[PDB]
2 protein chains.
Amino acid sequence: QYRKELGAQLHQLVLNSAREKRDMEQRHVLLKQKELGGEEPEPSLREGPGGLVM
Amino acid sequence: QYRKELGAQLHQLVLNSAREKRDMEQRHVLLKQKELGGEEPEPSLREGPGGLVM
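What counts and how
- Residues numbered from 1 in each chain as written, not as in the entry; some residues may be left out.
- Chains lettered and ligands numbered in written order.
- Part of a larger assembly, values for the part shown.
- Heavy atoms only, no water.
- Least-squares fit on C-alpha atoms.
- Contact = heavy atoms within 4.5 Å.
- Buried area = accessible area lost by both parts, 1.4 Å probe.
- Salt bridge = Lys/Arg side-chain N within 4 Å of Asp/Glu carboxyl O.
- Nonpolar A, V, L, I, M, F, W, Y, C, P; charged D, E, K, R; others polar.
- Helix = DSSP H or I, 4+ residues; strand = E, 2+ residues; numbered from the N terminus.
- Expected span 1.5 Å × (residues − 1).
- Buried < 20%, exposed > 50% of the residue type's maximum accessible area, 1.4 Å probe, protein only.

- In its metadata, the entry names cryo-EM as the structure determination method and reports 14 Å as the resolution.

- Naming follows the PDB entry, where chain A appears as Arf-GAP with coiled-coil, ANK repeat and PH domain-containing protein 1 of Homo sapiens.

**Re the relation of the copies chain B and chain A**
(1) Moving on: With an RMSD of 0.7 Å, the fit of chain B onto chain A corresponds to turning through 179 degrees and sliding 0.3 Å along the axis. Such a combination of rotation and displacement between the chain copies is what one expects of a two-fold axis. Residues of chain B ranked by C-alpha distance from the rotation axis are headed by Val29(B), positioned 3.7 Å from it.
(2) Moving on: Interface overlap between copies: 100% of the residues of chain B at the interface are likewise at the interface in chain A, consistent with a symmetric, same-surface contact.

**As for the interface of chain B and chain A**
(1) Moving on: On the chain A side, the residues contacting the six residues of chain B number six residues.
(2) Moving on: A combined buried area of about 540 Å² lies between chain B and chain A, and 37% of that area is made up of carbon and sulfur atoms.
(3) Moving on: Put simply, chain B and chain A have zero salt bridges between them.
(4) Moving on: Looking at the side of chain B that touches chain A residue by residue, the class counts come to two nonpolar, two polar and two charged.

**Overview of helix α1 (residues 2-34) of chain A**
(1) Moving on: With 33 residues, α1(A) should cover 48 Å at 1.5 Å per step; its first-to-last C-alpha distance of 48 Å lies within 8% of that length.
(2) Moving on: Taken as a whole, α1(A) has its buried residues at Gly7(A), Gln26(A), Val29(A) and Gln33(A).
(3) Moving on: Here the buried face of α1(A) lies against α1 (2-35) of chain B.

Dropping the structure here:
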């Protein structure tokens, strides 16, 4: 009884995960193709606690 | 004089190409992410010369 109760929760969790990670895959192949930058990281100048943070 | 003349056609051909392999690359990651199927190849039963071809 514990075994079928758990298993049936388990099937939904790994189906949920298969959908979840396949969407991540659809965004990553999309990032790589369209938004993948070649330049170095760039610091960001802003206002902050007792003057500007960078 | 031959060098610089040829070099102008040479660069344009590889600018043309540099686009070219970017289009193949651009379709191939669209194909790979979204339409890439795991089922086995299936023949096509279509009429040909002499009767049915598959």
